[PDB]
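# Output the structure for:
(chains A, B, C, D, E and F, ligands or ions: 1)
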Amino acid sequence: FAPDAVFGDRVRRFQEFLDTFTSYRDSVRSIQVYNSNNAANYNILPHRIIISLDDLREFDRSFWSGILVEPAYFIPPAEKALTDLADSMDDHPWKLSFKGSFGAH
Amino acid sequence: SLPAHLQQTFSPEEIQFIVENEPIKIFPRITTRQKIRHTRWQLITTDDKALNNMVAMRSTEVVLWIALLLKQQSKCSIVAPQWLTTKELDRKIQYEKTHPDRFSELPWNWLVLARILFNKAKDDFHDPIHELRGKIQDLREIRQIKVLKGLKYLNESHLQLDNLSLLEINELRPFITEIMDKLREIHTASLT
Amino acid sequence: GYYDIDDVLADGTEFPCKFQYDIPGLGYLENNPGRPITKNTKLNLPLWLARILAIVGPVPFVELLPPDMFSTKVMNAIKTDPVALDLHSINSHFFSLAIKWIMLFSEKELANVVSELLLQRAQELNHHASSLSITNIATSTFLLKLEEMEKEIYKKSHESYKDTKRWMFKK
Amino acid sequence: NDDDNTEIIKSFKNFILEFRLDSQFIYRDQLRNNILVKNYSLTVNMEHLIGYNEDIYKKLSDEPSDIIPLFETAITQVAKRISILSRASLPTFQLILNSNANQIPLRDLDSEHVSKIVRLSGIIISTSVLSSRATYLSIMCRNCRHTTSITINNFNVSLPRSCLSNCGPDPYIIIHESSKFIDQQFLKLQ
Amino acid sequence: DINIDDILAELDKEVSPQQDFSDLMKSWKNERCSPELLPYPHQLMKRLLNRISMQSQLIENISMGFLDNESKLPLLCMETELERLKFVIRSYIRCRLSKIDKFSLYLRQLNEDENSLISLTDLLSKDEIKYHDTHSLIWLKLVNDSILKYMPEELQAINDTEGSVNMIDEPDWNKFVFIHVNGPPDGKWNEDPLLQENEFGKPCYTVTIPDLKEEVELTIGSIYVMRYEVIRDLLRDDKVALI
Amino acid sequence: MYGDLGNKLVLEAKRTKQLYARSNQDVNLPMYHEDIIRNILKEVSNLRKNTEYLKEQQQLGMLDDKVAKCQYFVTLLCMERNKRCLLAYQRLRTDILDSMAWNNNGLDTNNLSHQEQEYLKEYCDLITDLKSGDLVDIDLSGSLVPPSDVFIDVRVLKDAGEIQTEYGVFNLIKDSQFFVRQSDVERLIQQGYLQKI
Ligand SMILES: [Zn+2]
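Numbers count the residues shown, from 1 in each chain, chains lettered A, B, ... in the order given. Below is the structure:
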């Protein structure tokens, strides 16, 4: 098993997650338009999203437990997919944050 | 009127009592068959004939509690059932290792009878008893792994446990029935 | 069972009720027999009472608000890590109360989640019940996080294993 | 050397699998019961090890720092054999020793006791935080990315000095994602 | 070759105390594990108690003959036989007395219900009828004087079925039990109507879990954990037995 | 509030259940909670007086089709709850007394109510009625551990002198030891005079 061979599938699964729970797309676009307005109007929101980890569990438990137990192999594809989502919005690497129900962690 | 711990299961002693009612093959060391050229057994729970017609080292079959009562004295030797030998137990171990899902078809009394005969008839085995104890231990350990795998699939509906021993069942009974009962109660509560 | 003591105790736990009518004289539930209860009064009542006032009315006399023990917070905590969760600290009778709540309001989601919780905890409970001395701290911690329902199942199971081990090894 | 190590390991596997008193296989049962509650260790009474085969205890007491790792390895193999179905993972089990040998008071321990098993008593005056020690290092060469791994046993270790087939003067680095670690604590006994 | 096994069979063909003890063992094993109070084997128990009396009198007579060839071993087997047999009857009766303790009000309901297909004197022994009646009266007197004297006339009934919780405890009919699928008590698989072929051509019974609307094939000679109600009539006909 | 004393009483019930369930012997059951029971019974009498007051005032007619219906239903439910708590407590102590009857008396009295004392007497009379009737050939009050051995060694734990049995005697000399039929000494093992197996 080598991580690179599964990176693409992990990317598209997190992309499907972000497409499903569209509140994260709305958050990305809200940050972008806030920053664009404040850049032009002459203070800046960061390129960071807090995902409810419960949403990622209810979507795909395997990927969720991947984020929890093997983040070194699961956060980079998730952040790549998020950066690609931000790129897909109209006109820098985006980062992730987590909330909820960590259990034994 | 029935103790709390006997309410819905058998004690291990009761399991032994059940197993003790099985017939077993013995070599008598007394002669009771009278020649043509005195007390008879006169039982009511089991067949009287074999005990009344014993001859020394003509092997014959009697109920196990009588065989043990005779083997408490020197007056008998209890022949091990064919499965309780090194080669046969090794075949069952290989079956258990080869078929992860199934339990091997050891007889339902196997742990109980192994315990009984290793303690009360330690000198009657053709095989060295330390190897038989070792292989009985191998079997119980492997079967316990399979039990743990099985408990991952408890249901509100039913379960199947093809060749599990009477003692293994009785050990698990006040857990499996309780958990499947509570899964049923959760499930049926949801129905309109 | 009618005389099942752990059921009598579970019925004694309290749930959030919202009254749907202005009713004189019931103010003793609000600790004063001389005043009415009013519509949209929000009050905690024992389940043996709240179960009934939520069905008799027509609009029933009480609506039962979602209790915290079945809130989205607790359900998410259940759905991540069933064995690590301290159900006893959530509610000592959580399974009996979940069964009663599922029966009172037919709710497939909660029935599934509570079934999943019970099964996944039953595995760990059987592991600690099966392990015997020849108490271990890893067992001693886990038995704190068990409900009274689960403590009963544990004692019965562990006693069965211990009795079997006793019989096998002592002549 | 590893032929003799294999024979030592097999001897300990037989000690776990065969040692029995009054119809109970106490070490098989203890190992299983420990595995169920997920503590991966075994407590061995050295009276039983002596009683089983005093040659084994002679090997152990002659040089415990080489023999204890082999005993731990034997415990892992039996652990798998009694808890995982053969042909349908666990860490390296800690060996814990119980003993009734004559105590040496703390002030008498000196150069003659170096590398010997020792029994003593005292009062713990301090307990440090849980430092992390490697059991297994994943390793690779900084230049040619030759990849290997080093298993470590904590009885007295290093990285290799130069690459195992130019790679520069001191070439190896650790890969922490596939390396494995354990808790280590310091106590001060008075 | 021409098969002849039936010809050989028609040539070869040319109650017992042991079966009674085996039926007692079956009754005891089924009673201990079932939630319901099973019907009493009236005739079997009459015969067993007769045999215990006669065997005791025999052992007495032989002991007198010894006191007033002389091998003690058969007497020892007779003595410990009667001890083992009396243990089985004792355990069986004590168990179903405990069940009567649990279901005293439900059994009273079956007695009161004129529409019932079960009469209490089918289900219970004469001694169990005595025990049920007088234990019910004595417990009822205790709680009447202690407690129910002080309740209003709305609430003095001890068998209130309409209250906020039902006072009558009944058997948990869908309680899970272990069973071994005997098949018919005869070897005549061809004679059993419920028996049928499973996949792989091995016999079975199909039973329906009514809540789940699901069929399950109880194949002969294998062990299942089943809701008691779902198997209840197969158990009534000895096609399965509780482990 | 009207449910509380019932909850106190059934918490008492649960604690005495655990007390009995932790040991192999019959633990002597704790004191009968006369005070909490009297407080509950007085509370029930007050709830009865409230129903009487209300069913009087249904002649005066205040909003009775709902309001009197509600007050009546609530106080009725309070009485049902208090009955359930009282009967749960009494049924547990009944169960433990039945257990003790079969274990010993059918072969600490201050802690019972007088109803419970005469109940225990009547229940022992019932057990003896069973083992004295038909089925008499089985000592129905005997043990439920299966007979594993017919002959046993027994060590005399307390002195009792010369006693006869069916065809002989035992002189129960302190710290003597017999080898004897178990069925001839079982009564003395139950009565605590003989030690082994
Ligand atoms: Zn290199």
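# end-to-end on stretch B:17-36?
38 Å (CA to CA, to the nearest Å).
# Any buried residues in it, and which?
B:17-22, B:24, B:26, B:28, B:32 (16 or more other CB atoms under 10 Å in any protein chain shown). Quick note: C-beta positions are derived from backbone N, CA and C, even for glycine.
# So which of these reach chain D?
By CB under 8 Å from any CB of the partner chain, no member of those lies near chain D.
# need the residues you listed in a markdown table with secondary structure, can you?
Supplementary listing: those in a markdown table, determined by DSSP: H, G, I helix; E, B strand; the rest coil:
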| residue | secondary structure |
| --- | --- |
| B:17 | helix |
| B:18 | helix |
| B:19 | helix |
| B:20 | helix |
| B:21 | coil |
| B:22 | coil |
| B:24 | strand |
| B:26 | strand |
| B:28 | strand |
| B:32 | coil |
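# hang on, isn't residue E:47 packed against residue E:20?
Yes: A contact is recorded between residue E:47 and residue E:20 when judged using CB atoms under 8 Å, the distance being 5.8 Å.
# So between the two, which is more surrounded?
Relative neighbour count places residue E:20 above the other of residue E:47 and residue E:20, with 19 against 16, counting by other CB atoms under 10 Å in any protein chain shown.
# what about the helix or strand encompassing that one and chain B, touching?
Here residue E:20 is covered by helix E:17-33, with elements defined by DSSP states H and E. Yes: contact between helix E:17-33 and chain B, assessed by CB under 8 Å from any CB, occurs at E:17-18, E:21, E:25, E:29, E:32-33.
# How about stretch C:41-54?
No: using CB under 8 Å from any CB, we find that stretch C:41-54 stays clear of chain B, coming within 13.4 Å at best.
# For that stretch, buried residues please.
Residues of stretch C:41-54 classed as buried: C:41, C:43, C:45-54 (neighbour count, 16+ other CB under 10 Å).
# Next step: those restricted to helices.
Applying DSSP state H to the buried residues of stretch C:41-54, the entries found in helices are C:47-53.
# Mind putting those residues into CSV with distance to the ion?
CSV is the format used below for those (distance: CB to the ion, whole Å):
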residue, distance to the ion
C:47, 71
C:48, 76
C:49, 78
C:50, 73
C:51, 74
C:52, 79
C:53, 79
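# for the residues you listed, which one is nearest residue B:124?
Nearest to residue B:124, judged by CB to CB, of those is residue C:47 at 63.3 Å.
# Just give the nearest non-adjacent residue to residue D:84, would you?
Sequence neighbours aside, residue B:145 is the residue nearest to residue D:84 in space, at 7.3 Å (criterion: CB to CB, 6 or more residues apart in numbering or on different chains).
# ok, now which ones touch the closest residue to chain F within chain B?
Using CB to the nearest CB, the single residue of chain B nearest to chain F is residue B:17, 3.9 Å away. Remark: with contacts taken as CB atoms under 8 Å, 6 or more residues apart in numbering or on different chains, residue B:17 is in contact with E:84, E:87, F:146.
# measure the first one to chain D for me?
Translated: residue E:84. Residue E:84 sits 25 Å away from chain D, taking CB to the nearest CB, to the nearest Å as the criterion.
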